[PDB]
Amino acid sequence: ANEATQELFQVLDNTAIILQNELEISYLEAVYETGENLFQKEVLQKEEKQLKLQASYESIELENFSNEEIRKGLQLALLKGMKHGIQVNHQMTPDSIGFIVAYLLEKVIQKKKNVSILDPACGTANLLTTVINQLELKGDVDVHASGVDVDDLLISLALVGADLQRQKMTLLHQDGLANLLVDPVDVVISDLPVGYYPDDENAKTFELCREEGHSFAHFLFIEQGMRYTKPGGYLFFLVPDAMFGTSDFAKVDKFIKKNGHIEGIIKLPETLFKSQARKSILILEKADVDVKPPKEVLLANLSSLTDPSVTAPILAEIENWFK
């Protein structure tokens, strides 16, 4: 599409701008509200224009749009809704990055016909649904995906996006660092929250707990993720590249080595971020009886997404890395 995704976004935008004004809610909260209307084929908040909304919703038939066209349409609305006032930790992962994650999963899953995935801090699930739609694109791989988020609005947006994209996935509204009723997955992916974890009692259940004060949410997510990965499975975390140079990272490094290994660290282009400090993709493998670390960790500086002088030698290496 784009043709189709713009059509959908125009319906979402116009109707959310109405609901934003009538209900006096944020554009982002209006995107959720308009999306349930569209999905369920009702104007859900009638006792609170109604003709105008209905006409806009009936102007499209969603069955005629692909999952990716529906996702890309929501992505435009989410992006609009997160332009100001949203903290970095609540920012959705754009597919400029998600496609890169989907590509990397493609290398590790190889000729598996079933892949299970967990994002334990999933937000809007844009990353997760970008990954799902890419892997299933060929018609051979069945993805079984689970996402967890603690936030009401973001998990609601994950849930309606799943509904609108016609996904069969599991989305949990809870603390992703508490116990998860999720079976161990082939792959963990997450764009990690960075800062303090406020639940100091739950933190105690983790080896990466800090003795004094709040623990780091970003460290505990690495440990939780490894906890819910199958032996020999992989983990892909988006993290600030500055994490690696802190003295505290030595502790996470030591932890990882007791449980697996680092496969690679791929720095992402600056222009993918607002002015967000530059993130990197941390690639981990969980230990097993027939898994060894690479001879050398892949360290790649993907300073451009578009210039092949930069991308070609990096992608050529990644093409063979996991074989």
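In case it trips you up, residue 1 is the first one in the sequence shown, and so on.
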*Report, from the record, the number of residues in the deposited sequence between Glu48 and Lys49 that have no coordinates, as none, 1 to 3, 4 to 9, or 10 or more.*
4 to 9
_Deposited residues lacking coordinates between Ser275 and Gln276 (none, 1 to 3, 4 to 9, 10 or more)_ = 1 to 3
*Comparing 105 to 113 with 194 to 202, the one whose average Cα B-factor in the PDB entry is higher*: 105 to 113
_132 to 140 versus 154 to 162 - greater average Cα B-factor per the deposited record_ = 132 to 140
*asked:* Considering every modelled residue of the chain and its Cα B-factor in the PDB entry, is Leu8 in the lowest, middle or highest third?
replied: middle
*Please rank the C-alpha B-factors of the chain's modelled residues and tell me whether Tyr27 sits in the lowest, middle or highest third.*
highest
*Please rank the C-alpha B-factors of the chain's modelled residues and tell me whether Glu68 sits in the lowest, middle or highest third.*
lowest
*CA B-factor placement of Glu212, once the chain's modelled residues are sorted into thirds*: highest
_Cα B factor band for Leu38 (lowest, middle or highest third within the chain)_ = lowest
